[PDB]
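Just so it is clear, the values below take in all heavy atoms, side chains as well, and ignore hydrogens, waters and symmetry mates. A, B, ... follow the sequence lines: proteins, then strands. Residue 1 opens every chain.
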Amino acid sequence: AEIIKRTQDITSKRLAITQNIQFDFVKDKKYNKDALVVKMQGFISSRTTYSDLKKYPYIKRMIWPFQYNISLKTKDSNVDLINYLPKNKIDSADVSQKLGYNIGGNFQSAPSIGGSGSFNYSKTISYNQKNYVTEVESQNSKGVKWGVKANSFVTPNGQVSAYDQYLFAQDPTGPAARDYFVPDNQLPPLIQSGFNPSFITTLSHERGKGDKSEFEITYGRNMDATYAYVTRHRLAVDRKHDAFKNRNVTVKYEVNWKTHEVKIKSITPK
Amino acid sequence: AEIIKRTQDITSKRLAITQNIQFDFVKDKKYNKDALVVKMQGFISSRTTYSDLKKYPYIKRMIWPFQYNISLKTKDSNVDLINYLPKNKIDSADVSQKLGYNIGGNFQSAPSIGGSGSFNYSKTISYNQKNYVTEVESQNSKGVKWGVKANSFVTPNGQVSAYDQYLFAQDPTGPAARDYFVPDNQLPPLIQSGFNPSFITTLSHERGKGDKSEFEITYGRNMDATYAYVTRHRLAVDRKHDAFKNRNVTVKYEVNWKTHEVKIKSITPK
Amino acid sequence: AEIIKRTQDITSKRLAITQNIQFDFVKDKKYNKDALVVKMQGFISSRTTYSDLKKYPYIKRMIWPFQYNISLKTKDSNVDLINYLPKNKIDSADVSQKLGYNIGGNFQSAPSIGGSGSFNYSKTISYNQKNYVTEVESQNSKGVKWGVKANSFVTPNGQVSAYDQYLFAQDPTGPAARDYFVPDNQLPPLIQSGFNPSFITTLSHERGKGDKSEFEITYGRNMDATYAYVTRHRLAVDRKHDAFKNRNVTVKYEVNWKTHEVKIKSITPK
Amino acid sequence: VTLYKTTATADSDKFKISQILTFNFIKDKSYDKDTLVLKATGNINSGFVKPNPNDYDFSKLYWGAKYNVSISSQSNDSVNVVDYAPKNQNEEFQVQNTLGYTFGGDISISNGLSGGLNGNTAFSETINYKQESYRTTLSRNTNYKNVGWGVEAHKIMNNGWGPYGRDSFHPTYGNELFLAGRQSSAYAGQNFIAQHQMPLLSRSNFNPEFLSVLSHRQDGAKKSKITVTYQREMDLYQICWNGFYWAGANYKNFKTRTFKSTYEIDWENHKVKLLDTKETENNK
Amino acid sequence: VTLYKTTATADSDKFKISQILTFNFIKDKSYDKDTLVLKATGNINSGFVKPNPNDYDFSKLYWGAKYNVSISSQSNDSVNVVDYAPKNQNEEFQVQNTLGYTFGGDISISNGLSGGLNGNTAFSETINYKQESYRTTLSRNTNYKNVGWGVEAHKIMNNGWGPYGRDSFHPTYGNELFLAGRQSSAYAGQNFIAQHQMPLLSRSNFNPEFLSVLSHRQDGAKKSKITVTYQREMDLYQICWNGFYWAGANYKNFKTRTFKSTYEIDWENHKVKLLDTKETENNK
Amino acid sequence: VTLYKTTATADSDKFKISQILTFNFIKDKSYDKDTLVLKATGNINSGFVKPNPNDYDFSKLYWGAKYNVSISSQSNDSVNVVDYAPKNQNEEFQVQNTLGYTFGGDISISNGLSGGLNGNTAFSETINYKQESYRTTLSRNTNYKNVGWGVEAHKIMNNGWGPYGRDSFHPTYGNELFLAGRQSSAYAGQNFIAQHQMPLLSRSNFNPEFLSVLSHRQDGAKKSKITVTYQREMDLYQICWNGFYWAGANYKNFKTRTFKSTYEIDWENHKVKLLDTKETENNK
Amino acid sequence: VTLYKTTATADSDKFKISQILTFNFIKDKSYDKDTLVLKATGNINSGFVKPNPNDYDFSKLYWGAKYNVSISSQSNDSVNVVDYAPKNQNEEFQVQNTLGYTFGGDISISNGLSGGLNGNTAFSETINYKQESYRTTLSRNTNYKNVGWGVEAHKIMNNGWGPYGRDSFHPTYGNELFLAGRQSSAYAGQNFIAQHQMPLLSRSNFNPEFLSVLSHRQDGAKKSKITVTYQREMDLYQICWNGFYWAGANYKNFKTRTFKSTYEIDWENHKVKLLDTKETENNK
């Protein structure tokens with residue numbers, strides 16, 4: 001099964017997103033059609049920033065990536081999406097359930113005679129957690145779209161949900177914006193640094209109906225905003241979900257299925 | 001070791017049973033005789049149904065498969081059963097046993113002096129359970145018969161035995177027959193949907209004494225019946241074991257050991 | 001990839017240190033340069049000794065190896081250190097953290113009614129310990145130096161730190177020096193017998209600029225000193241860290257990169 | 001053995017249902033028939049509809065409660081379904097039975113001597129098993145020319161509460177499946193659990209991955225037809241405030257969306273071609 | 001596929017920083033470009049400075065708090081960074097939720113009868129995860145011609161105390177990172193925890209082991225330049241006696257030492273040669 | 001090395017005992033003799049007989065308590081039994097010895113002072129092992145021309161009660177093996193435990209799977225005889241009501257059914273043929 | 001690479017010490033010297049002597065407390081010891097530090113209201129490690145022409161008591177290593193623990209299994225000499241009754257038995273021949 005590989009790499013200065021894309025043309029002679037494996041990698045900066053509100057400098061704002069956006073799409077009618085990873089799965093958990101009884105007797109030199117009776121129940125559920133969960137948000141024959149969503153985080157007082165409004169806020173350790181929020185060592189890599197996507201799509205292409213197709217690969221972020229300020233000897237914290245949505249870069253690749261040539265057509269934004 | 005494969009598939013509309021049979025003729029030149037590996041698969045519907053009694057509509061009846069029946073038999077004197085799976089096995093269990101003592105002393109500023117003495121014993125037995133247990137019910141040189149029997153089920157208040165008469169019954173959530181019995185999500189797949197058998201037999205055949213044999217493969221069910229009704233502000237539940245036995249379909253296959261040909265002869269019922 | 005092996009072995013009577021060195025010339029035709037894998041093994045005696053102080057015979061001294069010294073160095077500008085093992089690593093630990101609550105009620109026939117409320121926290125950290133930890137103390141293109149340092153020891157009533165000043169001392173079981181210190185069976189092999197080093201360095205060598213290089217391989221010890229004596233029916237224990245440092249033997253090897261010849265040039269001390 | 005591959009796809013953009021079919025035609029010299037391994041993948045959207053947050057005393061949401069997939073040949077053709085995956089699971093669980101006994105005595109000295117004796121018998125049982133939000137079992141209509149699966153909502157945990165299902169019934173609070181608070185002082189349309197707390201398959205997309213093995217007679221038609229159906233059953237989950245407490249109710253398959261596609265299978269040339277499609281919208 | 005190997009090195013003896021670069025040039029006939037797998041190893045000293053034991057009321061030490069490595073090509077050349085290791089970890093942990101209930105009753109007999117009952121509801125959660133002294137995450141400046149990593153002080157345990165970090169803040173005692181005793185009757189320069197109790201990377205040497213994969217156009221220059229930077233950020237940790245108790249403070253990147261080296265890469269002959277170096281000492 | 005396979009079978013329809021013998025003849029050039037690997041499988045019914053439910057004060061049942069298999073050659077021939085499986089187990093178990101100590105003191109302050117001191121010493125032992133309903137050990141009659149096995153009822157659990165065996169003896173209640181209730185207000189023939197609660201081998205079918213390796217001299221007879229015996233020992237389990245409580249008793253091998261078959265082994269042509277059979281019914 | 005094997009043996013029937021030496025001569029074309037892998041096995045009896053049961057107030061036994069093995073070449077020859085096994089262990093153990101905190105309050109109702117508050121802080125440490133009756137470490141005399149090992153009594157458990165060693169010292173009871181009872185009303189020669197309770201190596205036979213790798217110069221002598229020594233140190237363990245309690249004492253290497261054998265190694269023909277032997281009996 002002969003493979004013909006091509007690579008393309010490009011960065012959006014504006015959004016601080018880097019697409020690292022591998023294109024593997026698969027010449028499977030047992031297969032009815034042209035085939036292409038697209039490996040979608042790279043780096044999407046978290047772009048986590050801390051600032052003072054303009055109009056209200058006393059109010060402190062942390063902007064951070066709640067969700068990372070990844071998709072691959074086409075308009076070419078000759079092209080089909082025939083496989084993709086990862087896919088959505090049915091969640092699983094280990095369960096342990098216990099039922100018990102105790103029946104006791106006793107004698108004392110009071111003198112007294114004592115009886116006793118007892119019943120116990122317990123259930124334990126056990127499961128794996130990820131900082132960010134990866135979900136297929138839509139897919140069809142022409143494309144697929146994923147969302148990598150903030151889920152749950154390890155904190156010194158247990159796990160905390162990403163949807164908890166007091167998240168990342170802290171009792172200020174100084175006057176600056178940063179000090180109103182938890183330090184770097186309490187932030188997950190996907191917020192402290194960013195996301196390294198790893199997605200894959202297999203695409204077929206009908207023969208004898210044209211040599212060229214166009215692929216749109218979109219990387220991006222949905223930023224949340226967390227606000228903190230001090231009033232009346234107490235800390236007030238608030239949260240804006242979907243504060244800045246679809247902060248996305250779209251790169252258009254042109255694929256020639258016959259010459260096995262791959263060109264970058266355009267990028268938005270730069 | 002050359003193999004010659006044949007397949008047959010057939011369904012009994014009447015009983016909602018499907019036989020998926022693979023026939024593998026084994027030409028082992030190190031072996032003294034003709035050989036045949038019969039792989040017995042398919043789908044036997046649970047046929048779980050809920051109804052009102054005719055004479056007494058207030059009485060609610062759940063009919064369900066207590067046991068699934070599987071067998072393979074022959075009349076050909078030239079044929080021997082030389083292997084089969086699964087076979088009956090000796091049950092095994094992990095045991096953990098503990099013996100201990102405590103000897104305590106104490107002082108109080110009453111003042112008083114106290115003594116203490118204690119002895120502890122505990123035993124834990126640990127083992128695997130299946131919803132349905134598979135047992136060889138009979139076997140000889142001309143055939144073998146299995147019964148896949150209801151055993152034990154996971155319930156929110158521990159495990160429950162299949163022979164528990166109150167099984168599957170519940171405090172009615174409505175007037176209909178179905179509402180007097182536990183929902184689908186509390187039923188095992190072997191009752192909610194049915195059974196996918198997986199059985200194997202190896203058969204030998206003497207040479208130079210005739211080319212043809214007849215095999216009878218029987219799939220089926222033994223249905224139990226669970227009754228529920230409301231009297232005096234209370235639920236009365238009863239159970240009929242072996243309510244409908246040997247609800248079986250028999251398929252006759254003709255095997256030509258020389259031409260490696262396999263034909264369906266007949267089916268009862270249709 | 002052809003290998004050309006040479007070995008050298010030598011002992012310093014004075015220090016009771018033995019260098020067992022394997023020299024593997026690697027003729028990798030895919031590689032731009034000459035290559036040499038130096039496997040540094042042998043035996044460094046602990047030289048653990050127990051003595052009476054000269055000036056004060058009542059004071060008992062145990063001398064023991066706190067650290068083992070290992071290094072490999074060169075002056076040949078044509079030679080580069082391109083790999084070495086082991087390397088320094090980031091320590092890792094398993095953590096288990098638990099948060100819980102209890103809410104109780106109770107009734108008594110006094111009659112009385114009772115309530116209860118409770119909160120529990122626990123954290124468990126779990127990790128591996130070595131008697132002696134191996135650290136890269138310095139390394140560059142011309143050499144590398146390791147220190148194998150006393151870390152932690154198993155004793156009754158828990159683990160003890162190597163830096164604990166009362167270490168190895170005991171209530172005397174006799175008048176002799178040895179009796180003031182723990183028996184052999186409570187000493188780790190690295191103190192009771194000694195250290196068997198296992199270190200590796202890969203070295204490159206530029207071509208056409210000279211055939212010969214000189215390597216200095218230094219094995220050795222840093223001895224601590226533990227003092228014990230009896231005063232006023234009580235045991236006084238003291239400790240001198242770095243009592244005898246750099247108790248080292250240095251062996252000069254001459255390597256001819258063309259003839260694949262390896263000679264021992266000198267040894268200090270004998 | 002010789003192997004021939006191809007693929008076919010079909011979209012219902014309206015229902016957000018999509019079929020990816022992968023075909024492996026196997027010519028096996030030891031076998032008197034043609035073999036076809038057919039992998040069914042793609043997308044079936046849950047059809048999830050958020051509740052209206054403005055709803056006050058009464059509110060409702062729709063959720064993907066069951067997914068049905070089926071693969072069929074025609075009654076008049078020589079094509080049988082000989083094998084498939086997954087099959088119905090004869091479930092297994094681990095049991096631990098413990099019996100325990102303690103006996104002891106105490107003594108106390110004061111002005112007056114005192115004493116005592118304590119004895120007790122413990123027994124218990126622990127069961128260990130796997131729990132899944134959705135369960136996959138075979139369709140009862142499965143036969144020699146048809147295999148189908150139901151991927152149905154099974155054990156759904158609210159928070160520490162549950163597990164709940166499509167028919168969960170509390171005598172007072174009804175079906176608490178997605179009920180946030182029994183006594184919550186909030187809008188009905190805001191008294192559902194958080195979307196993110198709902199199982200993936202109820203609110204997002206199901207990605208099926210089924211397999212089937214079909215057989216075809218060599219003396220049969222060069223071309224035959226295989227019918228693949230992707231379907232979602234949407235349940236109406238609703239809650240209401242009676243003045244004192246909140247109660248819930250789940251109405252099953254209150255909405256249905258079905259995507260049937262028929263494919264022309266060319267057994268001779270090992271090609272496959274989408275022939276017909278059927279998009280059926282049911283509403284109660 | 002054909003493979004060509006070489007190595008290059010560069011030392012900053014002054015900073016005790018050293019670079020070992022290992023190069024694998026891959027000619028792959030199925031690929032229209034030149035490939036370069038580049039392993040970056042060697043040494044970056046922590047720059048650790050012991051505190052003065054003679055210091056009485058106030059004292060300070062310096063420790064290696066963060067290490068930065070980066071690998072780059074030039075903006076004007078055809079050389080891209082297509083892959084690397086390690087990548088940012090989407091962290092995973094295990095959760096165990098337990099709900100429990102016990103109910104029971106007691107009785108006792110004498111002249112007069114007595115009784116009772118006890119009932120309790122327990123609930124709890126356990127989380128299980130990996131804890132590391134230093135954490136490695138990607139530099140935000142990473143792009144199509146540059147990859148960089150920050151190996152930063154993460155979770156540092158004093159003894160049973162901690163975990164502490166660069167920004168740990170107690171309202172009274174400040175940053176207790178390396179503070180030995182809150183109420184210690186000792187010299188400030190002797191009230192730091194033992195050197196050996198400090199994490200390896202804070203006091204000793206970091207040995208990086210990073211990987212990068214670079215691509216080069218065949219129509220491009222025969223020779224190009226790759227820039228490799230090894231750097232340490234040293235923090236000023238200080239403690240002081242206010243008369244009643246000890247307090248601590250950590251000042252980040254109060255000192256910096258950077259070793260930048262540029263290598264000439266000969267893509268045609270598969271040779272590599274150290275071209276330029278830059279040793280930068282920053283101090284606050 | 002050359003290998004020749006064949007099979008032979010023999011049925012006792014009356015006893016519901018059946019023998020499947022599988023033969024592997026091995027010609028090994030490095031060995032001066034003929035080798036025969038002989039696998040013995042098939043069926044031995046337990047002979048289980050249900051109790052009469054109409055029985056009132058006294059009742060009985062029969063159960064398969066032991067299975068005997070043996071494989072033999074003749075004293076006058078050159079055929080030896082050189083190896084077999086399974087062999088007798090030198091059983092292994094895991095042991096945990098724990099010693100523990102706790103010591104503490106308490107204080108209480110009011111107008112008047114109070115105090116105390118508490119101390120305890122715990123010690124214990126835990127053993128971990130495998131428990132099987134039926135046990136397989138070698139027949140004492142095993143020798144150079146004969147191997148035999150006894151698959152005997154070993155550790156049988158009533159419910160939480162047991163383990164019981166063939167000889168279990170309580171001074172009052174006797175053998176409680178299959179006794180349902182000590183004080184049951186029911187018919188004797190209904191006071192046995194449920195059939196399904198009984199071990200598989202007591203009530204159903206034993207499926208043996210034994211192996212033997214036999215050697216034959218090349219100068220010996222072309223043809224020899226191997227004798228294979230399948231046998232069941234049935235125990236009489238009975239219970240009775242004495243007016244106050246129920247008691248039980250187990251009578252061993254009260255019934256016996258034996259199926260002996262002799263096979264002609266043709267060492268030259270590597271054929272096997274059933275020659276003679278013997279069906280022996282013993283009753284006490 | 002070419003390999004040549006041989007073996008040599010040597011017995012001291014008197015001491016019940018026996019040497020089995022296995023030799024692998026390796027001709028390696030990539031290596032400028034001759035290689036010899038030498039496995040040393042066989043038997044060294046413990047020299048165990050049972051105590052006299054008739055001994056009343058005082059008694060003694062002898063036990064194998066340490067085993068020494070060594071392999072050597074001659075100072076004048078070209079044969080070096082380049083490698084061996086086993087080597088000294090840098091021991092590893094697992095540590096678990098747990099910190100815990102509980103806080104709670106209670107309330108109760110009567111004529112008068114009552115209350116309370118409970119709070120506590122737990123901490124602990126668990127260590128996990130392997131314990132062996134006898135320990136193997138290298139001889140301090142090991143050098144470039146000699147390797148030796150000491151297999152010494154290490155951690156010996158009486159019953160639940162211990163672990164004890166050669167130098168264990170209780171201020172009153174002395175060394176309790178093999179003392180059965182502190183206050184036993186029995187004969188001294190019957191107040192030792194049971195023979196079977198003693199570790200295997202103290203009372204039975206040590207079976208060494210050591211390995212060494214030796215190198216030989218090609219320009220050296222065709223023939224050289226290797227010296228192998230097997231030795232046992234026997235300790236005198238004694239107990240005595242002082243009138244009130246039993247006390248014990250262990251005297252080390254109170255007896256010694258040594259078996260030294262010299263072998264002629266023919267490097268050219270790859271033969272080995274026992275040359276000389278030396279049997280030394282030491283007694284204190």
Side-chain angles (χ1 to χ4, degrees), chain B residues 6-23 39-49 65 68-70 148 189-199 217-221 223 247-253 262-270, chain D residues 21 33-38 40 67-89 136-152 208 210-217 220-221 224-231 258 260-263 265:
Chain B
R6 301 290 182 261
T7 63
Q8 291 291 349
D9 317 276
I10 193 164
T11 303
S12 161
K13 251 88 216 64
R14 165 75 159 208
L15 285 172
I17 300 188
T18 298
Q19 291 192 359
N20 286 123
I21 313 300
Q22 198 180 326
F23 299 86
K39 195 114 169 160
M40 280 167 291
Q41 287 183 337
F43 177 60
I44 300 163
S45 167
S46 69
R47 270 287 176 77
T48 304
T49 54
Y68 290 93
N69 298 321
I70 295 80
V148 187
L190 255 66
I191 290 178
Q192 189 266 350
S193 170
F195 180 49
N196 285 124
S198 198
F199 297 85
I217 303 169
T218 306
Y219 289 11
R221 312 177 278 269
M223 310 302 272
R247 293 285 291 189
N248 300 345
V249 59
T250 299
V251 183
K252 276 156 150 175
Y253 303 88
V262 185
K263 286 167 51 164
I264 303 176
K265 284 288 279 166
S266 78
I267 166 109
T268 297
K270 278 285 196 301
Chain D
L21 288 135
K33 291 167 191 178
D34 292 314
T35 310
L36 183 64
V37 181
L38 176 62
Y67 303 91
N68 303 300
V69 179
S70 75
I71 302 177
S72 314
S73 58
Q74 318 292 293
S75 56
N76 66 317
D77 74 34
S78 83
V79 173
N80 288 355
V81 172
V82 306
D83 201 13
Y84 39 82
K87 292 179 162 62
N88 287 346
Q89 95 187 35
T136 297
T137 61
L138 237 57
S139 161
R140 288 218 218 172
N141 289 323
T142 302
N143 64 60
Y144 83 121
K145 277 178 170 292
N146 180 69
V147 59
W149 298 268
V151 187
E152 182 169 28
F210 298 100
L211 206 128
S212 54
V213 182
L214 306 84
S215 72
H216 169 252
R217 270 153 140 287
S224 80
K225 296 173 196 169
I226 290 171
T227 303
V228 187
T229 309
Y230 285 19
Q231 167 179 99
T258 311
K260 256 185 173 157
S261 298
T262 301
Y263 303 81
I265 307 312

Which residues pass the side-chain contact (heavy atoms from CB on, under 4.5 Å) test with D/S224, not counting sequence neighbours?
D/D77, D/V79, D/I265, D/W267
What is the minimum heavy-atom distance between B/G42 and B/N20, and which atoms define it?
CA-OD1, 3.3 Å
Just by modelled atom types, is the B/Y253 backbone N or O under 3.5 Å from a matching donor or acceptor in the B/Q8 side chain?
no
For residues B/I70 and B/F195, report the shortest heavy-atom separation together with the two atoms involved.
CD1-CE2, 3.8 Å
Would a 4.5 Å heavy-atom cut-off, applied to side chains only, mark D/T229 and D/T227 as touching?
yes
Determine whether more than 12 heavy atoms belonging to other residues, nucleotides or ligands lie under 6.0 Å from atom NZ of D/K145.
yes
Looking only at heavy atoms, which two atoms of B/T18 and D/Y144 are closest? And how far apart?
CG2-N, 3.8 Å
Looking only at non-hydrogen atoms, find the nearest pair between D/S212 and D/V147 and report the distance.
CB-CG1, 4.3 Å
Yes or no on side chain to side chain contact (heavy atoms under 4.5 Å, CB included) for D/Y263 and D/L38, after CA distance, side-chain angles and deciding distance?
CA-CA 12 Å; D/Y263 303 81; D/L38 176 62; over 6 Å; no
Counting heavy atoms not belonging to B/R47, are there more than 12 under 6.0 Å from its CZ?
yes
How far apart are the C-alpha atoms of D/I226 and D/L36, what are their side-chain angles, what is the distance that settles it, and do they pass the side chain to side chain contact (heavy atoms under 4.5 Å, CB included) test?
CA-CA 11 Å; D/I226 290 171; D/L36 183 64; 4.0 Å; yes
Could you measure the distance from the OG1 atom of D/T258 to the CG atom of D/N68? Nearest 0.5 Å is fine.
8.0 Å
Rounded at 0.5 Å granularity, tell me how far CE in B/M223 sits from OG in B/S46.
6.5 Å
Any idea which heavy atoms bring B/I17 and B/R247 closest together, and the distance?
CD1-O, 4.1 Å
Full working for side chain to side chain contact (heavy atoms under 4.5 Å, CB included) between B/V251 and B/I264:
CA-CA 7 Å; B/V251 183; B/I264 303 176; 4.0 Å; yes
Are the side chains of B/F199 and B/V148 in touch, meaning some heavy atoms are under 4.5 Å apart?
yes
Could you check whether the rings of D/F210 and D/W149 sit parallel, tilted or perpendicular, using 30° and 60° as the cut-offs?
parallel
Under the side chain to side chain contact (heavy atoms under 4.5 Å, CB included) rule, what do B/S12 and B/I267 come out as? Steps first, then yes or no, please.
CA-CA 8 Å; B/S12 161; B/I267 166 109; 4.3 Å; yes
Note, D/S215 side chain near B/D9 side chain (heavy atom, < 4.5 Å)
yes
Where do B/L15 and B/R221 come nearest, in terms of heavy atoms and distance?
O-NH2, 2.6 Å
Is the closest side-chain heavy-atom distance between D/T136 and D/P86 below 4.5 Å?
yes
Partners passing side-chain hydrogen bond (donor to acceptor under 3.5 Å, both in side chains) against D/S70 (at least two apart in sequence or in another chain)
none
Using modelled atom types only, decide if a donor and an acceptor are shared between the side chain of B/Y68 and the backbone of B/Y219 within a distance under 3.5 Å.
no
OG1-NE2 distance between D/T35 and D/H216, expressed to the nearest 0.5 angstrom:
11.5 Å
Would a distance-only check, ignoring hydrogens and angles, find a side-chain to backbone donor-acceptor pair under 3.5 Å from B/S45 to B/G194?
no
I'd like to check the side-chain contact (heavy atoms from CB on, under 4.5 Å) partners of D/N88; sequence neighbours left out, ordered by chain and number.
B/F43, B/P189, B/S193, B/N196, D/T137, D/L138
Euclidean distance, B/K252 NZ relative to B/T218 OG1, rounded to 0.5 Å:
10.0 Å
